[PDB]
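Okay, structure first, notes after.
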Amino acid sequence: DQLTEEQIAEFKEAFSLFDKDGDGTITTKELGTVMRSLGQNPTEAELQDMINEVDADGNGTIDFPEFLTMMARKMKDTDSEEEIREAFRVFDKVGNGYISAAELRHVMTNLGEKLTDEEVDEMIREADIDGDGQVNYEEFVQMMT
Amino acid sequence: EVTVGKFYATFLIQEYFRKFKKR
Ligand SMILES: [Ca+2]
Ligand SMILES: [Ca+2]
Ligand SMILES: [Ca+2]
């Protein structure tokens with residue numbers, strides 16, 4: 001149940017990735033912007049429903065206390081290994097057991113907003129242990145641990 | 001579960017960035 005200042009600050013960094021205008025709320029527009037950048041394309045109705053899963057007070061946006069409630073609960077309720085397994089399935093779009101190096105580079109470039117090309121190159125090179133141009137599940141586990 | 005997992009996955013990528021910067 002314990003939540004350190006550092007853990008809260010890390011969850012705030014996740015919040016601000018979506019709240020790109022820094023107004024303290026995540027809107028359907030901001031959510032859609034991130035999801036589309038990663039190759040998803042939800043309808044406006046789907047985006048509203050997604051906001052509604054997190055929006056505890058029903059005003060149509062996610063504020064940080066709502067975001068933190070949801071993220072701390074997910075961390076508490078999920079074993080660290082399942083958290084990583086789930087994330088791998090998120091980024092393995094085809095479901096073929098691999099994330100291509102190009103796909104991972106795109107995810108990192110969009111989610112690490114200040115990263116340079118050289119930085120993402122090092123990360124990819126380190127991630128793809130066997131050098132086959134894919135990141136498999138065992139390699140993804142090595143990344144996250 | 002799907003919505004929560006998508007938010008959590010982006011936090012986990014940011015956690016990787018922190019871990020990588022430490023290594
Ligand atoms: Ca905002
Ligand atoms: Ca709200
Ligand atoms: Ca590989």
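By convention in this document, the chains of the structure tokens carry letters A, B, ... by their order, each chain's residues are numbered from 1, and ligands are numbered from 1 in the order they are shown.
Residues surrounding residue 66 (chain A) within 8 Å are residues 54, 55, 56, 62, 63, 69 and 70 of chain A [only C-alpha atoms; sequence separation below 3 positions excluded].
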How would the residues just picked look written out with N, CA and C atoms as a PDB file, in the first residue's frame?
ATOM      1  N   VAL A  54     -11.322   5.643 -16.112  1.00  0.00           N
ATOM      2  CA  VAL A  54     -10.411   6.261 -15.160  1.00  0.00           C
ATOM      3  C   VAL A  54     -11.037   7.466 -14.458  1.00  0.00           C
ATOM      4  N   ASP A  55     -11.954   8.171 -15.122  1.00  0.00           N
ATOM      5  CA  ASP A  55     -12.590   9.406 -14.676  1.00  0.00           C
ATOM      6  C   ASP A  55     -13.578   9.151 -13.543  1.00  0.00           C
ATOM      7  N   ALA A  56     -13.109   9.190 -12.300  1.00  0.00           N
ATOM      8  CA  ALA A  56     -13.973   8.792 -11.195  1.00  0.00           C
ATOM      9  C   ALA A  56     -15.077   9.811 -10.910  1.00  0.00           C
ATOM     10  N   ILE A  62      -9.576  13.002 -17.189  1.00  0.00           N
ATOM     11  CA  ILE A  62      -8.791  12.370 -16.129  1.00  0.00           C
ATOM     12  C   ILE A  62      -7.891  13.422 -15.486  1.00  0.00           C
ATOM     13  N   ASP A  63      -8.017  13.635 -14.172  1.00  0.00           N
ATOM     14  CA  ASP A  63      -7.046  14.456 -13.453  1.00  0.00           C
ATOM     15  C   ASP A  63      -6.018  13.569 -12.741  1.00  0.00           C
ATOM     16  N   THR A  69      -4.822   7.032  -8.642  1.00  0.00           N
ATOM     17  CA  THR A  69      -5.649   5.965  -8.080  1.00  0.00           C
ATOM     18  C   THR A  69      -5.571   4.717  -8.952  1.00  0.00           C
ATOM     19  N   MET A  70      -5.740   4.904 -10.257  1.00  0.00           N
ATOM     20  CA  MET A  70      -5.758   3.785 -11.193  1.00  0.00           C
ATOM     21  C   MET A  70      -4.388   3.119 -11.308  1.00  0.00           C
TER      22      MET A  70
END
Nearby polymer residues, ligand 2, at most 12 Å, only C-alpha atoms and all ligand atoms, as a ChimeraX atom specification: /A:24-28,48,51-69
Nearby polymer residues, ligand 3, at most 12 Å, only C-alpha atoms and all ligand atoms, as a VMD selection string: chain A and resid 97 to 101 104 124 to 143
Resulting file, chosen residues, N, CA, C and O atoms, as a short mmCIF file (atom, residue, chain, number, x, y, z; two decimals), in the first residue's frame:
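Saved to again_9.cif:
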data_model
loop_
_atom_site.label_atom_id
_atom_site.label_comp_id
_atom_site.auth_asym_id
_atom_site.auth_seq_id
_atom_site.Cartn_x
_atom_site.Cartn_y
_atom_site.Cartn_z
N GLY A 97 4.94 -12.91 -31.09
CA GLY A 97 6.02 -13.13 -30.15
C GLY A 97 7.23 -12.22 -30.32
O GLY A 97 8.26 -12.46 -29.68
N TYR A 98 7.14 -11.19 -31.16
CA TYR A 98 8.28 -10.33 -31.44
C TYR A 98 7.82 -8.89 -31.60
O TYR A 98 6.71 -8.62 -32.08
N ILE A 99 8.70 -7.97 -31.21
CA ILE A 99 8.60 -6.56 -31.56
C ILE A 99 9.78 -6.26 -32.48
O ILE A 99 10.93 -6.38 -32.07
N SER A 100 9.49 -5.89 -33.72
CA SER A 100 10.58 -5.56 -34.63
C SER A 100 11.36 -4.36 -34.09
O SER A 100 10.84 -3.55 -33.32
N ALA A 101 12.63 -4.27 -34.48
CA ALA A 101 13.44 -3.15 -34.04
C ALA A 101 12.85 -1.83 -34.51
O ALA A 101 12.87 -0.84 -33.78
N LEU A 104 9.84 -1.03 -32.15
CA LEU A 104 10.28 -0.56 -30.84
C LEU A 104 10.91 0.83 -30.93
O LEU A 104 10.65 1.69 -30.07
N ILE A 124 18.04 0.22 -28.49
CA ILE A 124 17.69 -0.90 -29.37
C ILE A 124 18.83 -1.90 -29.45
O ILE A 124 18.63 -3.11 -29.32
N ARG A 125 20.05 -1.41 -29.67
CA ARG A 125 21.20 -2.31 -29.75
C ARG A 125 21.33 -3.15 -28.49
O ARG A 125 21.56 -4.37 -28.57
N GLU A 126 21.18 -2.54 -27.33
CA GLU A 126 21.27 -3.28 -26.08
C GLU A 126 20.10 -4.25 -25.92
O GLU A 126 20.27 -5.37 -25.43
N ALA A 127 18.90 -3.83 -26.34
CA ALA A 127 17.71 -4.65 -26.13
C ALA A 127 17.78 -5.95 -26.93
O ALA A 127 17.53 -7.04 -26.39
N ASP A 128 18.12 -5.85 -28.22
CA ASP A 128 18.15 -6.99 -29.14
C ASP A 128 19.42 -7.79 -28.87
O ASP A 128 20.45 -7.64 -29.54
N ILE A 129 19.35 -8.66 -27.86
CA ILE A 129 20.53 -9.36 -27.37
C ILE A 129 21.17 -10.19 -28.48
O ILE A 129 22.38 -10.11 -28.73
N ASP A 130 20.37 -11.02 -29.16
CA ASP A 130 20.92 -11.90 -30.19
C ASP A 130 21.08 -11.22 -31.54
O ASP A 130 21.56 -11.87 -32.48
N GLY A 131 20.68 -9.96 -31.68
CA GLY A 131 20.97 -9.19 -32.87
C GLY A 131 20.18 -9.56 -34.11
O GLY A 131 20.62 -9.24 -35.22
N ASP A 132 19.02 -10.18 -33.96
CA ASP A 132 18.26 -10.65 -35.11
C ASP A 132 17.26 -9.62 -35.64
O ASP A 132 16.45 -9.95 -36.51
N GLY A 133 17.29 -8.39 -35.13
CA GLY A 133 16.36 -7.36 -35.57
C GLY A 133 15.00 -7.41 -34.92
O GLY A 133 14.13 -6.60 -35.27
N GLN A 134 14.78 -8.34 -34.00
CA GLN A 134 13.55 -8.44 -33.24
C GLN A 134 13.88 -8.39 -31.76
O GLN A 134 14.99 -8.73 -31.35
N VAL A 135 12.91 -7.99 -30.96
CA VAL A 135 12.99 -8.11 -29.51
C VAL A 135 11.91 -9.11 -29.11
O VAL A 135 10.72 -8.84 -29.28
N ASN A 136 12.33 -10.27 -28.60
CA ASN A 136 11.39 -11.31 -28.21
C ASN A 136 11.04 -11.12 -26.74
O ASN A 136 11.46 -10.15 -26.10
N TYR A 137 10.26 -12.05 -26.18
CA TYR A 137 9.75 -11.85 -24.83
C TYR A 137 10.87 -11.95 -23.80
O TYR A 137 10.93 -11.15 -22.86
N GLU A 138 11.78 -12.91 -23.97
CA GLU A 138 12.89 -13.04 -23.03
C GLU A 138 13.78 -11.81 -23.06
O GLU A 138 14.27 -11.36 -22.02
N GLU A 139 13.98 -11.23 -24.25
CA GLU A 139 14.75 -10.00 -24.36
C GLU A 139 14.01 -8.82 -23.74
O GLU A 139 14.62 -7.98 -23.07
N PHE A 140 12.69 -8.74 -23.95
CA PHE A 140 11.89 -7.70 -23.32
C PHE A 140 11.95 -7.80 -21.79
O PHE A 140 12.02 -6.78 -21.09
N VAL A 141 11.93 -9.03 -21.26
CA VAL A 141 12.06 -9.22 -19.82
C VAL A 141 13.42 -8.71 -19.33
O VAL A 141 13.51 -8.07 -18.27
N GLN A 142 14.49 -8.96 -20.09
CA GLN A 142 15.80 -8.44 -19.73
C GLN A 142 15.81 -6.92 -19.71
O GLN A 142 16.42 -6.31 -18.82
N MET A 143 15.14 -6.28 -20.68
CA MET A 143 15.02 -4.83 -20.69
C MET A 143 14.46 -4.30 -19.38
O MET A 143 15.00 -3.36 -18.78
#
Spatial neighbours of residue 9 (chain B), max dist 8 Å, only C-alpha atoms, sep filter under 3 positions, as a PyMOL selection string: (chain A and resi 86-87+90) or (chain B and resi 5-6+12-13)
How would the residues just picked look written out with N, CA and C atoms as a PDB file, in the first residue's frame?
ATOM      1  N   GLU A  86       2.132  -8.415 -19.719  1.00  0.00           N
ATOM      2  CA  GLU A  86       1.036  -7.669 -20.325  1.00  0.00           C
ATOM      3  C   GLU A  86       1.566  -6.590 -21.250  1.00  0.00           C
ATOM      4  N   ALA A  87       2.567  -5.840 -20.782  1.00  0.00           N
ATOM      5  CA  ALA A  87       3.143  -4.776 -21.596  1.00  0.00           C
ATOM      6  C   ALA A  87       3.708  -5.326 -22.896  1.00  0.00           C
ATOM      7  N   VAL A  90       1.035  -5.768 -25.251  1.00  0.00           N
ATOM      8  CA  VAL A  90       0.567  -4.485 -25.775  1.00  0.00           C
ATOM      9  C   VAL A  90       1.376  -4.089 -27.003  1.00  0.00           C
TER      10      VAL A  90
ATOM     11  N   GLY B   5      -4.339  -1.349 -18.764  1.00  0.00           N
ATOM     12  CA  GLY B   5      -3.100  -1.928 -19.253  1.00  0.00           C
ATOM     13  C   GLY B   5      -2.369  -1.032 -20.238  1.00  0.00           C
ATOM     14  N   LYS B   6      -3.113  -0.284 -21.054  1.00  0.00           N
ATOM     15  CA  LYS B   6      -2.479   0.599 -22.024  1.00  0.00           C
ATOM     16  C   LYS B   6      -1.788   1.763 -21.324  1.00  0.00           C
ATOM     17  N   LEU B  12       5.496   1.674 -17.996  1.00  0.00           N
ATOM     18  CA  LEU B  12       6.557   0.673 -17.952  1.00  0.00           C
ATOM     19  C   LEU B  12       7.668   0.969 -18.957  1.00  0.00           C
ATOM     20  N   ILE B  13       7.339   1.566 -20.107  1.00  0.00           N
ATOM     21  CA  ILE B  13       8.381   2.001 -21.033  1.00  0.00           C
ATOM     22  C   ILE B  13       9.201   3.130 -20.415  1.00  0.00           C
TER      23      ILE B  13
END
Residue list for chain A near chain B as a PyMOL selection string, 10 Å, only C-alpha atoms: chain A and resi 10-15+17-18+31+35+47+49-54+67+70-75+83-91+107-108+111-112+115+119-120+122-123+126-127+140+143-145
DSSP-assigned alpha helix (DSSP H) members of chain A, reported as a count of residues only: 91
Chain A: residues DSSP assigns to strand (DSSP E or B), reported as an MDAnalysis selection string: chainID A and resid 25:26 62:63 98:100 134:136
